[PDB]
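Peer 1: Got entry10.pdb for you, PDB, C-alpha atoms (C1' of nucleotides):
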```pdb
ATOM      1  CA  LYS H  10       0.000   0.000   0.000
ATOM      2  CA  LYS H  11       3.154   2.160  -0.059
ATOM      3  CA  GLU H  12       2.164   3.934   3.159
ATOM      4  CA  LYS H  13       4.747   4.856   5.786
ATOM      5  CA  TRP H  14       4.124   3.646   9.340
ATOM      6  CA  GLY H  15       6.365   3.596  12.383
ATOM      7  CA  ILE H  16       6.484   3.128  16.156
ATOM      8  CA  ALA H  17       6.836   5.923  18.719
ATOM      9  CA  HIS H  18       8.328   4.696  21.998
ATOM     10  CA  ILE H  19       7.527   7.089  24.854
ATOM     11  CA  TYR H  20       9.686   6.528  27.935
ATOM     12  CA  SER H  21       7.824   8.449  30.650
ATOM     13  CA  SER H  22       9.192   8.768  34.185
ATOM     14  CA  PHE H  23       9.074  11.251  37.061
ATOM     15  CA  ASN H  24      12.272  13.020  35.950
ATOM     16  CA  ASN H  25      12.394  12.976  32.132
ATOM     17  CA  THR H  26      10.440  12.061  29.005
ATOM     18  CA  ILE H  27      11.914  10.511  25.856
ATOM     19  CA  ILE H  28      10.137  10.248  22.494
ATOM     20  CA  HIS H  29      11.814   7.924  19.988
ATOM     21  CA  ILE H  30      10.361   7.271  16.526
ATOM     22  CA  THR H  31      11.522   4.159  14.667
ATOM     23  CA  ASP H  32      10.403   2.103  11.690
ATOM     24  CA  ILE H  33       7.785  -0.641  11.900
ATOM     25  CA  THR H  34      10.366  -3.242  12.939
ATOM     26  CA  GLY H  35      12.003  -0.794  15.357
ATOM     27  CA  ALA H  36      15.519  -1.597  14.116
ATOM     28  CA  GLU H  37      16.005   1.822  12.460
ATOM     29  CA  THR H  38      15.796   5.140  14.295
ATOM     30  CA  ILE H  39      13.991   8.031  12.599
ATOM     31  CA  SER H  40      14.002  10.652  15.365
ATOM     32  CA  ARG H  41      14.849  10.803  19.066
ATOM     33  CA  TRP H  42      14.133  13.846  21.242
ATOM     34  CA  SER H  43      14.269  13.949  25.038
ATOM     35  CA  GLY H  44      12.692  16.355  27.488
ATOM     36  CA  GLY H  45      16.112  17.614  28.562
ATOM     37  CA  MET H  46      17.257  18.793  25.120
ATOM     38  CA  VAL H  47      14.241  21.091  24.647
ATOM     39  CA  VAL H  48      14.360  22.893  28.029
ATOM     40  CA  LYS H  49      17.241  24.077  30.204
ATOM     41  CA  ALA H  50      16.141  23.770  33.836
ATOM     42  CA  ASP H  51      16.101  20.237  35.218
ATOM     43  CA  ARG H  52      12.734  20.810  36.910
ATOM     44  CA  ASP H  53      10.980  21.366  33.573
ATOM     45  CA  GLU H  54      12.073  18.032  32.077
ATOM     46  CA  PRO H  55       9.174  15.954  33.513
ATOM     47  CA  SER H  56       6.689  18.763  32.889
ATOM     48  CA  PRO H  57       3.925  17.850  30.412
ATOM     49  CA  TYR H  58       4.861  21.008  28.518
ATOM     50  CA  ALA H  59       8.431  19.893  27.826
ATOM     51  CA  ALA H  60       7.033  16.546  26.683
ATOM     52  CA  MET H  61       4.875  18.139  23.981
ATOM     53  CA  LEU H  62       7.678  20.474  22.890
ATOM     54  CA  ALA H  63       9.953  17.447  22.457
ATOM     55  CA  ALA H  64       7.204  15.521  20.653
ATOM     56  CA  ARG H  65       6.679  18.341  18.151
ATOM     57  CA  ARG H  66      10.342  18.314  17.146
ATOM     58  CA  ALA H  67      10.505  14.513  17.101
ATOM     59  CA  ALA H  68       7.507  14.447  14.751
ATOM     60  CA  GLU H  69       9.015  17.077  12.445
ATOM     61  CA  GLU H  70      11.812  14.748  11.324
ATOM     62  CA  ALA H  71       9.344  11.881  10.906
ATOM     63  CA  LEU H  72       7.148  13.985   8.616
ATOM     64  CA  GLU H  73      10.177  15.183   6.650
ATOM     65  CA  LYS H  74      11.506  11.640   6.213
ATOM     66  CA  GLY H  75       8.078  10.368   5.136
ATOM     67  CA  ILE H  76       6.385   8.733   8.154
ATOM     68  CA  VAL H  77       2.640   9.384   8.193
ATOM     69  CA  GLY H  78       1.328   6.826  10.704
ATOM     70  CA  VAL H  79       2.662   5.849  14.113
ATOM     71  CA  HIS H  80       1.805   3.238  16.732
ATOM     72  CA  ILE H  81       2.467   4.540  20.246
ATOM     73  CA  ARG H  82       4.208   2.403  22.885
ATOM     74  CA  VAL H  83       4.126   4.284  26.186
ATOM     75  CA  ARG H  84       6.166   2.824  29.032
ATOM     76  CA  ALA H  85       7.164   3.704  32.579
ATOM     77  CA  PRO H  86      10.493   2.615  34.096
ATOM     78  CA  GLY H  87       8.878  -0.601  35.302
ATOM     79  CA  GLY H  88      10.901  -3.452  36.715
ATOM     80  CA  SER H  89      11.706  -2.730  40.347
ATOM     81  CA  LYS H  90      11.120   0.998  39.755
ATOM     82  CA  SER H  91       7.808   2.861  39.521
ATOM     83  CA  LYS H  92       5.126   1.436  37.230
ATOM     84  CA  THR H  93       2.779   4.402  36.805
ATOM     85  CA  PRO H  94       3.733   6.466  33.725
ATOM     86  CA  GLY H  95       4.777  10.036  34.378
ATOM     87  CA  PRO H  96       2.673  13.081  33.516
ATOM     88  CA  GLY H  97       4.414  13.639  30.181
ATOM     89  CA  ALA H  98       2.604  10.808  28.381
ATOM     90  CA  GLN H  99      -0.852  12.096  27.462
ATOM     91  CA  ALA H 100       0.790  15.403  26.565
ATOM     92  CA  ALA H 101       3.228  13.646  24.232
ATOM     93  CA  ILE H 102       0.478  11.569  22.610
ATOM     94  CA  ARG H 103      -1.700  14.634  22.051
ATOM     95  CA  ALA H 104       1.281  16.541  20.645
ATOM     96  CA  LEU H 105       1.964  13.714  18.191
ATOM     97  CA  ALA H 106      -1.693  13.796  17.150
ATOM     98  CA  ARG H 107      -1.583  17.591  16.839
ATOM     99  CA  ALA H 108       1.555  17.647  14.681
ATOM    100  CA  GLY H 109      -0.336  15.821  11.921
ATOM    101  CA  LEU H 110       0.437  12.116  12.350
ATOM    102  CA  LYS H 111      -2.107   9.318  12.207
ATOM    103  CA  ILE H 112      -2.152   7.269  15.418
ATOM    104  CA  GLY H 113      -2.847   3.544  15.326
ATOM    105  CA  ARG H 114      -2.776   1.049  18.178
ATOM    106  CA  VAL H 115      -1.837   2.431  21.600
ATOM    107  CA  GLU H 116      -0.488  -0.080  24.112
ATOM    108  CA  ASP H 117       1.417   0.034  27.392
ATOM    109  CA  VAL H 118       4.644  -1.974  27.406
ATOM    110  CA  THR H 119       5.867  -1.190  30.905
ATOM    111  CA  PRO H 120       7.977  -4.163  32.080
ATOM    112  CA  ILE H 121       6.036  -5.826  34.908
ATOM    113  CA  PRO H 122       8.121  -8.272  36.981
ATOM    114  CA  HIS H 123       6.737 -11.610  38.112
ATOM    115  CA  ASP H 124       8.188 -11.009  41.580
ATOM    116  CA  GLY H 125      11.684 -10.267  40.343
ATOM    117  CA  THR H 126      14.527  -8.371  41.992
ATOM    118  CA  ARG H 127      14.592  -6.295  45.192
ATOM    119  CA  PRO H 128      13.612  -2.607  44.879
ATOM    120  CA  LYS H 129      16.025   0.071  46.036
ATOM    121  CA  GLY H 130      15.651   1.923  49.329
ATOM    122  CA  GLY H 131      15.842  -0.846  51.930
ATOM    123  CA  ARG H 132      12.960  -2.255  53.928
ATOM    124  CA  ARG H 133      11.987   1.127  55.414
ATOM    125  CA  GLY H 134      11.867   2.992  52.099
ATOM    126  CA  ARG H 135      12.775   6.652  51.688
ATOM    127  CA  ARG H 136      12.416   8.623  54.933
ATOM    128  CA  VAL H 137      12.086  12.067  53.381
TER     129      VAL H 137
ATOM    130  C1'   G X   1      -8.660 -29.054 128.571
ATOM    131  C1'   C X   2      -3.211 -29.249 126.636
ATOM    132  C1'   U X   3       1.357 -32.273 125.403
ATOM    133  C1'   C X   4      -0.367 -31.351 117.730
ATOM    134  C1'   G X   5       0.209 -37.947 119.412
ATOM    135  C1'   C X   6       1.758 -43.740 120.520
ATOM    136  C1'   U X   7       0.033 -48.486 121.458
ATOM    137  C1'   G X   8      -3.268 -53.615 123.013
ATOM    138  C1'   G X   9      -8.258 -55.376 121.179
ATOM    139  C1'   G X  10     -13.647 -55.484 119.131
ATOM    140  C1'   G X  11     -17.426 -53.596 115.072
ATOM    141  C1'   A X  12     -18.678 -51.233 109.468
ATOM    142  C1'   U X  13     -17.163 -51.407 104.312
ATOM    143  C1'   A X  14     -19.780 -45.770 101.673
ATOM    144  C1'   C X  15     -14.943 -43.714  99.848
ATOM    145  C1'   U X  16      -9.390 -44.358  98.859
ATOM    146  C1'   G X  17      -5.478 -48.676  98.696
ATOM    147  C1'   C X  18      -4.709 -53.759  97.344
ATOM    148  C1'   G X  19      -5.965 -58.884  94.474
ATOM    149  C1'   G X  20      -9.704 -60.908  90.905
ATOM    150  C1'   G X  21     -13.881 -60.605  87.205
ATOM    151  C1'   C X  22     -16.859 -58.248  83.368
ATOM    152  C1'   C X  23     -17.752 -53.406  79.983
ATOM    153  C1'   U X  24     -17.265 -48.950  76.277
ATOM    154  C1'   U X  25     -18.189 -43.684  76.899
ATOM    155  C1'   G X  26     -11.912 -41.169  77.234
ATOM    156  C1'   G X  27      -7.667 -42.271  74.422
ATOM    157  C1'   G X  28      -5.492 -45.463  70.619
ATOM    158  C1'   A X  29      -5.531 -49.171  65.913
ATOM    159  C1'   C X  30      -7.743 -49.972  61.123
ATOM    160  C1'   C X  31     -10.871 -49.384  56.303
ATOM    161  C1'   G X  32     -13.605 -45.598  52.565
ATOM    162  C1'   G X  33     -14.326 -40.992  49.367
ATOM    163  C1'   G X  34     -12.306 -36.261  49.773
ATOM    164  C1'   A X  35      -9.278 -31.049  51.602
ATOM    165  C1'   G X  36      -4.890 -28.437  52.269
ATOM    166  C1'   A X  37       1.477 -22.665  50.360
ATOM    167  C1'   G X  38       2.477 -29.482  55.747
ATOM    168  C1'   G X  39       7.833 -31.521  54.593
ATOM    169  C1'   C X  40      12.198 -33.734  51.441
ATOM    170  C1'   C X  41      14.014 -35.217  46.477
ATOM    171  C1'   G X  42      14.300 -34.979  40.883
ATOM    172  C1'   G X  43      12.735 -32.609  36.081
ATOM    173  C1'   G X  44      10.527 -28.386  33.327
ATOM    174  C1'   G X  45       9.152 -23.034  33.038
ATOM    175  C1'   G X  46       7.778 -17.283  34.022
ATOM    176  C1'   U X  47       8.551 -12.542  33.128
ATOM    177  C1'   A X  48      11.816  -8.924  35.291
ATOM    178  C1'   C X  49      16.733  -7.222  36.375
ATOM    179  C1'   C X  50      22.386  -6.989  35.406
ATOM    180  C1'   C X  51      26.713  -7.747  31.935
ATOM    181  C1'   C X  52      28.756  -8.588  26.901
ATOM    182  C1'   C X  53      28.672  -8.621  21.628
ATOM    183  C1'   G X  54      26.246  -6.920  16.434
ATOM    184  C1'   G X  55      22.858  -2.921  13.943
ATOM    185  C1'   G X  56      20.257   2.322  14.242
ATOM    186  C1'   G X  57      21.146   7.108  16.370
ATOM    187  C1'   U X  58      23.124  11.575  18.348
ATOM    188  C1'   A X  59      24.149  14.836  22.968
ATOM    189  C1'   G X  60      22.848  14.450  26.793
ATOM    190  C1'   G X  61      21.585  10.649  30.639
ATOM    191  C1'   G X  62      20.627   9.777  36.051
ATOM    192  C1'   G X  63      19.001  12.086  40.498
ATOM    193  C1'   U X  64      16.640  15.876  44.046
ATOM    194  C1'   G X  65      12.237  20.285  47.321
ATOM    195  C1'   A X  66      16.588  22.435  44.389
ATOM    196  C1'   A X  67      21.226  20.637  43.302
ATOM    197  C1'   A X  68      25.597  18.055  43.124
ATOM    198  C1'   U X  69      28.515  13.321  42.862
ATOM    199  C1'   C X  70      28.197   9.773  38.997
ATOM    200  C1'   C X  71      27.715   7.605  33.343
ATOM    201  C1'   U X  72      28.515   9.934  28.433
ATOM    202  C1'   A X  73      32.356  11.641  22.145
ATOM    203  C1'   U X  74      36.945   5.291  23.863
ATOM    204  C1'   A X  75      29.506   6.945  20.824
ATOM    205  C1'   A X  76      26.029   7.510  26.679
ATOM    206  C1'   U X  77      20.156   7.438  27.485
ATOM    207  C1'   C X  78      16.800   5.021  23.945
ATOM    208  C1'   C X  79      15.083   0.945  19.982
ATOM    209  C1'   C X  80      16.219  -3.765  17.575
ATOM    210  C1'   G X  81      18.752  -9.038  16.702
ATOM    211  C1'   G X  82      21.691 -12.626  19.937
ATOM    212  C1'   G X  83      24.807 -14.853  24.209
TER     213        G X  83
END
```
Mind turning the file's structure into structure tokens?
Peer 2:
Amino acid sequence: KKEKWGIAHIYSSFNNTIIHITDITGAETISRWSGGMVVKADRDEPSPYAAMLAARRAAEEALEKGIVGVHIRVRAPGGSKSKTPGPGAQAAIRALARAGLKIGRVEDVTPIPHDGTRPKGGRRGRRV
RNA sequence: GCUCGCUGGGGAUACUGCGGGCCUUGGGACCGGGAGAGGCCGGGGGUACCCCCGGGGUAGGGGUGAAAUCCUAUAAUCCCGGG
């Protein structure tokens, strides 16, 4: 059908957001923009605003190179770390929609352990 | 009356003790269909995490209330194929 589709991996955490566009197989990188290379202050990196700014740029290269459709794979750190995606996920998805890209299947691929390793912080956790 | 008692004899067998006899209620033994993360031994798996190699890809990654240390151009973070 000679139509260009790809996959947008959205690493969302409580400190940073990374948007990475690759081909259908994921073996070739088309664009990769993080939340830290679009804003200066460290506090703004996890902000939903920085996420959408990064997504706009990341989508620009995809449009230029010919990608028209994208399947979104949002993921939190997972494993022994936090599982809930950070705030900069819905913002990134909406920014990708707004930039003029068709959005296909949306799935969460956070790595869930089947009672794997020991989380950091000891038995008493963080005593902030 | 007291010396908290000792001793010579006679009488009773309700209770305790002792010897004997007969019972199943307590507790054990055994058969029947089932329940259970009860133990030990052998075989087979689950994702996740860490390291290494091969491909893509550039400049940040990580972390905090905010930062810094730390990793990163000897190609980091991230995605993919393998051990």
Peer 1: From the options H:120, H:45, H:97, H:131, which residue's atoms come nearest to residue X:62, counting all atoms listed in the file?
Peer 2: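 Checking each of H:120, H:45, H:97, H:131 against residue X:62, counting all atoms listed in the file, the winner is H:45.
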Peer 1: Using all atoms listed in the file, determine which residues of chain X fall within 10 Å of chain H; present them as an NGL selection string.
Peer 2: :X and (46-49 or 55-64 or 66-67 or 77-81)
Peer 1: Output C-alpha atoms (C1' of nucleotides) for every residue in the selection just made, as a PDB file, in the frame of the given file.
Peer 2:
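Result saved to out_7.pdb:
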```
ATOM      1  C1'   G X  46       7.778 -17.283  34.022  1.00  0.00           C
ATOM      2  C1'   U X  47       8.551 -12.542  33.128  1.00  0.00           C
ATOM      3  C1'   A X  48      11.816  -8.924  35.291  1.00  0.00           C
ATOM      4  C1'   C X  49      16.733  -7.222  36.375  1.00  0.00           C
ATOM      5  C1'   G X  55      22.858  -2.921  13.943  1.00  0.00           C
ATOM      6  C1'   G X  56      20.257   2.322  14.242  1.00  0.00           C
ATOM      7  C1'   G X  57      21.146   7.108  16.370  1.00  0.00           C
ATOM      8  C1'   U X  58      23.124  11.575  18.348  1.00  0.00           C
ATOM      9  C1'   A X  59      24.149  14.836  22.968  1.00  0.00           C
ATOM     10  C1'   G X  60      22.848  14.450  26.793  1.00  0.00           C
ATOM     11  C1'   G X  61      21.585  10.649  30.639  1.00  0.00           C
ATOM     12  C1'   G X  62      20.627   9.777  36.051  1.00  0.00           C
ATOM     13  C1'   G X  63      19.001  12.086  40.498  1.00  0.00           C
ATOM     14  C1'   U X  64      16.640  15.876  44.046  1.00  0.00           C
ATOM     15  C1'   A X  66      16.588  22.435  44.389  1.00  0.00           C
ATOM     16  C1'   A X  67      21.226  20.637  43.302  1.00  0.00           C
ATOM     17  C1'   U X  77      20.156   7.438  27.485  1.00  0.00           C
ATOM     18  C1'   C X  78      16.800   5.021  23.945  1.00  0.00           C
ATOM     19  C1'   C X  79      15.083   0.945  19.982  1.00  0.00           C
ATOM     20  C1'   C X  80      16.219  -3.765  17.575  1.00  0.00           C
ATOM     21  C1'   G X  81      18.752  -9.038  16.702  1.00  0.00           C
TER      22        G X  81
END
```
Peer 1: Quick one: of H:47, H:108, H:64, H:118, who's nearest to residue H:86, counting all atoms listed in the file?
Peer 2: H:118
Peer 1: Please list as a ChimeraX atom specification every residue within 9 Å of residue H:104, counting all atoms listed in the file and excluding residues in the same chain fewer than 5 positions away.
Peer 2: /H:60-65,68,99,109
Peer 1: Can you spell out as JSON, numbers by chain the set of residues that the PyMOL selection byres ((chain X and resi 53) around 8) selects in the structure I just provided?
Peer 2: {"X": [52, 54, 83]}
Peer 1: Go ahead and dump the residues you just picked, C-alpha atoms (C1' of nucleotides), as a PDB file, in the frame of the given file.
Peer 2:
```pdb
ATOM      1  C1'   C X  52      28.756  -8.588  26.901  1.00  0.00           C
ATOM      2  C1'   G X  54      26.246  -6.920  16.434  1.00  0.00           C
ATOM      3  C1'   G X  83      24.807 -14.853  24.209  1.00  0.00           C
TER       4        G X  83
END
```
Peer 1: Measure the distance from atom CA of residue H:102 to atom CA of residue H:116 in Å and round it to one decimal.
Peer 2: 11.8 Å
